[PDB]
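Just below is one structure, and these are the notes that go with it.
2 protein chains.
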Amino acid sequence: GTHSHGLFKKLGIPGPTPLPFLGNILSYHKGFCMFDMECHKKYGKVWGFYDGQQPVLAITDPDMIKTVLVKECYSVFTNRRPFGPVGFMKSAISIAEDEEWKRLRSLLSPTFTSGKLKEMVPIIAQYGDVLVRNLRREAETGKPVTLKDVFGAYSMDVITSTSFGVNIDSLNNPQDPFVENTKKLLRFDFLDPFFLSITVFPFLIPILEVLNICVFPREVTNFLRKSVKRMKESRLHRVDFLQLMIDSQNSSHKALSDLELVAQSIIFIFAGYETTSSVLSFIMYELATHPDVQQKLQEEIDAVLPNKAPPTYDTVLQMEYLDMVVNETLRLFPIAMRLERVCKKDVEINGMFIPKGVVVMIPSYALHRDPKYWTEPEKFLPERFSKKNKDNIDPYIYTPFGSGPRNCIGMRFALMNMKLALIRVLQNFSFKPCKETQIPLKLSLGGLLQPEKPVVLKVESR
Amino acid sequence: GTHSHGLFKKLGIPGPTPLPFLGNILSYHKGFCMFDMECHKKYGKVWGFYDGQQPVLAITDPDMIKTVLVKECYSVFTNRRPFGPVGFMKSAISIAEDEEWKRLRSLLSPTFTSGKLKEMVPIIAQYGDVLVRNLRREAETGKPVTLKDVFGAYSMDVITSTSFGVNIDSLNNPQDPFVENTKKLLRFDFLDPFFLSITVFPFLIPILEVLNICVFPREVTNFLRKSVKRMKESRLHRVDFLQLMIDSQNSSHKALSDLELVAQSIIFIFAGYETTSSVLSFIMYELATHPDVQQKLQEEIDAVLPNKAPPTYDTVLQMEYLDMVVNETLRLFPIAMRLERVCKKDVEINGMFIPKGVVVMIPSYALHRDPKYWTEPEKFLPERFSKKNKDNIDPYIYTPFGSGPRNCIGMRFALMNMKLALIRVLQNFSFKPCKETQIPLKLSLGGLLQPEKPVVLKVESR
Ligand code: HEM
Ligand code: HEM
Ligand SMILES: CCCCCc1cc(O)c2c(c1)OC(C)(C)[C@@H]1CCC(C)=C[C@@H]21
Ligand SMILES: CCCCCc1cc(O)c2c(c1)OC(C)(C)[C@@H]1CCC(C)=C[C@@H]21
Numbered sequence: 026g027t028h029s030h031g032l033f034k035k036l037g038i039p040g041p042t043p044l045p046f047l048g049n050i051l052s053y054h055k056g057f058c059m060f061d062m063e064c065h066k067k068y069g070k071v072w073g074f075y076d077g078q079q080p081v082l083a084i085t086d087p088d089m090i091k092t093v094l095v096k097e098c099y100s101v102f103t104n105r106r107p108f109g110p111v112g113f114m115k116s117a118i119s120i121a122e123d124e125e126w127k128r129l130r131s132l133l134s135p136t137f138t139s140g141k142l143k144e145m146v147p148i149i150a151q152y153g154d155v156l157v158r159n160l161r162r163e164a165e166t167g168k169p170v171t172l173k174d175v176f177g178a179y180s181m182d183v184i185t186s187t188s189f190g191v192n193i194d195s196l197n198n199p200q201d202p203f204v205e206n207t208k209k210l211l212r213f214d215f216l217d218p219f220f221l222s223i224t225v226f227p228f229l230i231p232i233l234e235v236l237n238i239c240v241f242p243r244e245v246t247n248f249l250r251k252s253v254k255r256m257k258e259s260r261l267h268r269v270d271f272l273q274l275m276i277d278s279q280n281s286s287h288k289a290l291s292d293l294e295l296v297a298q299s300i301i302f303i304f305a306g307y308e309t310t311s312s313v314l315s316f317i318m319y320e321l322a323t324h325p326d327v328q329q330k331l332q333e334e335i336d337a338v339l340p341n342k343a344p345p346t347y348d349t350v351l352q353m354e355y356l357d358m359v360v361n362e363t364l365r366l367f368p369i370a371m372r373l374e375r376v377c378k379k380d381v382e383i384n385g386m387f388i389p390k391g392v393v394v395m396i397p398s399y400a401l402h403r404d405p406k407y408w409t410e411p412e413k414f415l416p417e418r419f420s421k422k423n424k425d426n427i428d429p430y431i432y433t434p435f436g437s438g439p440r441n442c443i444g445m446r447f448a449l450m451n452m453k454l455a456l457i458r459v460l461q462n463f464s465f466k467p468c469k470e471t472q473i474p475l476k477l478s479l480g481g482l483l484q485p486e487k488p489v490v491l492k493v494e495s496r
Numbered sequence: 026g027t028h029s030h031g032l033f034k035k036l037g038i039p040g041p042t043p044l045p046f047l048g049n050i051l052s053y054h055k056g057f058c059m060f061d062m063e064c065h066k067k068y069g070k071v072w073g074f075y076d077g078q079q080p081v082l083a084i085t086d087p088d089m090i091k092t093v094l095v096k097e098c099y100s101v102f103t104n105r106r107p108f109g110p111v112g113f114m115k116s117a118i119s120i121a122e123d124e125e126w127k128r129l130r131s132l133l134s135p136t137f138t139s140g141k142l143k144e145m146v147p148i149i150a151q152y153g154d155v156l157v158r159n160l161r162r163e164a165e166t167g168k169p170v171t172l173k174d175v176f177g178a179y180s181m182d183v184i185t186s187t188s189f190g191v192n193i194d195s196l197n198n199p200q201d202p203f204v205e206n207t208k209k210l211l212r213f214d215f216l217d218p219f220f221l222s223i224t225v226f227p228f229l230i231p232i233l234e235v236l237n238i239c240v241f242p243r244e245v246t247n248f249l250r251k252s253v254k255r256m257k258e259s260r261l267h268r269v270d271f272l273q274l275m276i277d278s279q280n281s286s287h288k289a290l291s292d293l294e295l296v297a298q299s300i301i302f303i304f305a306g307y308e309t310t311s312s313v314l315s316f317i318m319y320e321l322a323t324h325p326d327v328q329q330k331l332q333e334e335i336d337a338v339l340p341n342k343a344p345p346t347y348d349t350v351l352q353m354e355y356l357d358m359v360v361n362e363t364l365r366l367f368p369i370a371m372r373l374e375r376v377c378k379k380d381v382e383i384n385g386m387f388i389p390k391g392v393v394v395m396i397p398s399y400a401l402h403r404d405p406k407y408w409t410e411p412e413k414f415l416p417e418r419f420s421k422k423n424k425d426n427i428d429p430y431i432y433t434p435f436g437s438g439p440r441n442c443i444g445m446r447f448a449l450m451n452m453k454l455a456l457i458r459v460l461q462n463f464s465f466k467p468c469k470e471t472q473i474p475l476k477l478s479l480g481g482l483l484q485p486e487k488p489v490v491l492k493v494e495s496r
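Chains as they are written, first to last, in the authors' numbering: chain A, 26 to 261, 267 to 281, 286 to 496; chain A', 26 to 261, 267 to 281, 286 to 496. A prime marks a further copy of an entry chain.
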């Protein structure tokens with residue numbers, strides 16, 4: 026069962042020896058992050074391994090990364106790895122391939138412009154107030170707070186109102202039928218018993234397709250397909271993603291059909307719910323364990339927003355230290371962990387031959403903690419992103435949102451969404467560690483970049 | 026189980042109603058040929074059906090056929106339908122796809138030039154003598170001859186000597202180890218219990234790949250892989271396909291590797307063994323049931339080749355009535371039956387939208403027996419291809435070797451190979467029907483264009 030396990034030895038590329046059928050997946054017992062760091066340590070700039078029979082070439086050269094992600098993106102490295110039975114979510118932009126992706130990425134790009142985002146801040150700002158009033162209930166009761174719930178409700182509060190206009194206090198209505206379905210849209214643990222079996226038996230993916238089995242629960246999508254169906258029939267002015275997409279199909287490319295439009299609204303929740311929630315928990319953990327950084331940030335917030343002034347789009351871009359705190363956290367915790375591109379031709383880039391079918395991988399977690407580009411990479415030093423030192427940062431080493439034409443389309447939204455939370459939250463509360471707080475934080479050995487234990491902290495009102 | 030069975034009704038294309046999972050394959054109980062004729066009768070110029078879940082759009086417009094096979098061949102309709110677990114025969118030119126095919130088709134095109142073919146006639150001519158001496162043994166014994174064996178041995182006699190230089194009287198040595206393996210390379214009956222299950226369960230193809238199961242018997246290819254391995258080690267001048275390919279890798287494209295070179299030699303046998311043998315049986319059946327055509331051909335042969343003169347390359351191209359007999363037979367019996375191309379993009383050709391993934395099919399058998407282009411299409415009238423009437427023949431209606439960049443690469447060889455047999459055979463023997471001869475001939479209801487019963491005829495010596 027080693028039809029292709031001799032490839033990296035033929036090309037003369039170092040890497041760990043694979044087992045038959047399994048490849049190197051037994052080395053995932055400590056997570057993707059630990060595996061990438063160690064391979065980078067042993068083998069250096071380029072190494073290869075096997076996800077079962079699938080060869081994966083890892084690369085850490087900034088020139089090589091720019092070629093893969095930007096230069097030869099359209100011509101060679103256009104798609105990501107197929108990951109399992111997807112059904113009608115083939116129409117989602119992150120899942121679509123080749124010209125279908127290029128068309129979708131164009132039909133949805135004006136939806137994520139800064140000008141469209143500025144019109145969305147009054148909707149995002151409203152649920153910072155909901156976020157604060159939910160926090161104040163737990164602050165004057167003295168109970169340590171579990172961030173992933175109060176923040177998980179916030180990330181859901183923003184999605185429902187900016188992606189459909191549904192206004193729900195999901196923390197005090199954690200039980201409305203619309204919240205039940207959308208909360209079942211968590212990010213995928215590719216080290217769970219399922220996707221590991223997908224890696225060993227990729228020939229089983231076409232099987233699950235003909236059985237209508239999907240990695241997106243059919244009930245959730247069936248609920249949202251008819252829910253959007255009823256929303257579009259009711260609207261027959268506002269700044270919500272669904273509206274901008276409805277306006278898109280109301281015209286070079288074919289207009290977004292009805293099923294394609296629903297599939298995008300679903301992938302926006304999938305890419306934004308647990309991601310936004312997890313980064314906001316990582317940031318508050320660092321603000322708690324470094325009170326000096328939390329105070330300096332609170333001083334800057336009140337300096338731009340006197341007397342707890344409500345944050346605007348412009349006053350958010352005005353806060354440089356807040357952007358430093360966010361950027362430094364995303365360096366330590368790049369929740370995607372990896373970037374992947376499927377090589378679709380036989381190409382030679384930067385003096386290295388890469389054959390068709392090989393998955394090229396950029397280990398983001400490993401590069402963000404590389405001592406050869408970062409001084410004391412484990413420490414939380416927001417000054418790395420000061421306007422003085424941000425020039426010395428290579429944009430292909432620090433890729434928390436990826437790079438190139440296939441980078442995070444919701445990057446501006448995700449950063450504004452997180453910053454509006456921190457501003458309103460730090461305007462009202464200080465965050466101090468608890469005896470039950472895991473210090474130092476340990477990561478999950480699974481397939482998602484998340485804390486081993488949920489981050490619990492103390493919340494005091496200023 | 027009808028995820029895509031609504032496609033042709035959405036596009037408004039007529040066709041037979043499909044059953045869940047099965048599609049229209051139950052209509053194959055009378056063969057592909059009967060199914061194409063009837064659909065052409067009911068629905069007209071364009072219709073659609075389903076091979077399970079796979080939509081197949083049939084087209085019969087000459088302008089549309091030229092677009093599919095020539096104009097938009099490289100850009101859209103480059104590949105044929107995937108057909109089952111293929112293994113290392115992915116490297117065969119007929120199986121390869123996209124740029125890999127374009128590269129192989131270039132590395133092998135100078136191998137099939139007329140100039141290379143002229144140097145192969147002395148090898149092909151030698152086994153016409155072997156073919157005659159095998160026929161003479163059965164002619165003066167009065168036994169009716171089964172053509173598919175005496176001709177099957179001839180088509181194998183030509184392949185072994187022109188593809189490897191192996192000189193075997195496969196009719197009197199039907200038992201050498203080299204003949205045993207190569208005779209297991211028959212054309213595929215896509216209506217047998219296997220490939221019908223492949224059509225219903227295409228998700229099972231990736232399964233059979235990981236089990237090393239291949240539609241080419243592993244023992245045969247393993248025998249030939251090491252046999253060619255020993256042939257190339259022994260050669261370390268002649269006009270054999272293996273030599274021309276060995277010369278190709280002895281240099286814009288990468289040279290043919292060792293496994294690719296073996297895979298081509300195998301696909302040449304697969305495409306040439308039963309095909310050449312079956313056409314030669316169809317021709318002799320028509321020469322037997324139309325003695326007037328057989329006499330006129332024998333008169334032309336002796337007029338170009340006096341006193342049973344051995345046929346040269348030039349004297350073969352000199353015989354126009356022989357070319358008429360061959361062409362008229364290939365019209366009645368286009369052994370490929372169909373041409374197929376997978377639509378790889380969303381394209382609109384000649385005012386008709388065709389979506390990505392649909393297999394476009396050209397029903398050759400049906401078009402060759404279309405009364406709207408042929409007068410009395412069932413009758414064997416070689417005068418249709420007379421130099422006077424051959425101008426009125428549309429090259430996209432009569433496609434026995436296909437058309438466009440992906441047509442039969444061995445067309446010139448196959449025609450010369452068959453004609454050299456008929457010349458030498460008609461120089462020595464006349465062929466008269468037997469009481470056991472099936473008159474009129476009935477075709478096999480299976481998935482191969484072949485007689486229902488083997489053609490048995492009487493052979494008398496002139
Ligand atoms: C903390 C928040 C987020 C982080 C860290 C993040 C990170 C990423 C990364 C690393 C990628 C892959 C880039 C690449 O492959 O080069 C990506 C893709 C993507 N993200 Fe985000 N993301 C976040 C939030 C969001 C949000 C709020 C949206 C809202 C729509 C979103 C939508 C997408 C989409 C659609 C893609 C795929 C784009 C394509 O394939 O063309 N993400 N994200
Ligand atoms: C009576 C003899 C033969 C007939 C009727 C025949 C017919 C055909 C047809 C209809 C096609 C497909 C064309 C298309 O898809 O448009 C084809 C393809 C092909 N044939 Fe033949 N063939 C014959 C003999 C041979 C021989 C002797 C060879 C020797 C090498 C050969 C090699 C091939 C190859 C390699 C292809 C695929 C080419 C490609 O995919 O680029 N065939 N043949
Ligand atoms: C087995 C092959 C794995 C590839 C599957 C895969 C991996 C992956 O990291 C992502 C996928 C999909 O979908 C999108 C929506 C792009 C996500 C956006 C946000 C982040 C943090 C993760 C992205
Ligand atoms: C289920 C999809 C069916 C496609 C498989 C398929 C169909 C087909 O008609 C042929 C295939 C392969 O291979 C080659 C070598 C091109 C053959 C050449 C000679 C003739 C008569 C048949 C050709």
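For every residue, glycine included, the Cβ atom is placed at its ideal position computed from N, Cα and C.
Short Cβ contact (8 Å threshold) for residue i with residue j
| i | j | result |
| --- | --- | --- |
| residue 322(A') | residue 213(A') | no |
| residue 489(A) | residue 319(A) | yes |
| residue 90(A') | residue 71(A') | no |
| residue 172(A) | residue 475(A) | no |
| residue 50(A') | residue 224(A') | yes |
| residue 412(A') | residue 403(A') | yes |
| residue 184(A') | residue 249(A') | no |
| residue 216(A') | residue 110(A') | no |
| residue 308(A') | residue 211(A') | yes |
| residue 347(A') | residue 143(A') | yes |
| residue 373(A') | residue 398(A') | yes |
| residue 45(A) | residue 27(A) | yes |
Chain-ordered neighbours of residue i on chain A, where CB pairs are closer than 7 Å
| i | result |
| --- | --- |
| residue 232(A') | 228 |
| residue 111(A') | Correct list: empty, because the minimum Cβ distance to chain A is about 13 Å. |
Partners in chain A' for residue i, counting only beta-carbon separations shorter than 7 Å
| i | result |
| --- | --- |
| residue 235(A) | 228 |
Rounded C-alpha distance that separates residue i from residue j
| i | j | result |
| --- | --- | --- |
| residue 272(A) | residue 296(A) | 9 Å |
| residue 286(A') | residue 267(A') | 26 Å |
| residue 444(A) | residue 133(A) | 10 Å |
| residue 52(A') | residue 229(A) | 29 Å |
| residue 258(A') | residue 113(A') | 21 Å |
Nearest-angstrom beta carbon gap, residue j and residue i [assumed within contact, 8 Å]
| i | j | result |
| --- | --- | --- |
| residue 182(A) | residue 155(A) | 6 Å |
| residue 434(A') | residue 368(A') | 5 Å |
| residue 149(A) | residue 298(A) | Between residue 298(A) and residue 149(A) the Cβ distance is about 19 Å, and since that is not below 8 Å, they are no contact. |
Proximal chain A' residues relative to residue i, where beta-carbon distance stays under 8 Å
| i | result |
| --- | --- |
| residue 379(A) | 124 |
- prompt: In chain order, which alpha helix (DSSP H) runs of at least 4 residues are fully inside the stretch 381–411 of chain A'?
  reply: 398–402
field: beta strand (DSSP E) runs contained entirely in the stretch 157–203 of chain A', provided each spans 3 or more residues
entry: none
field: Minimum length 4: unbroken alpha helix (DSSP H) runs contained in the stretch 129–155 of chain A'
entry: Counting whole runs of 4 or more residues, the stretch 129–155 of chain A' contains the alpha helix (DSSP H) stretches 139–143.
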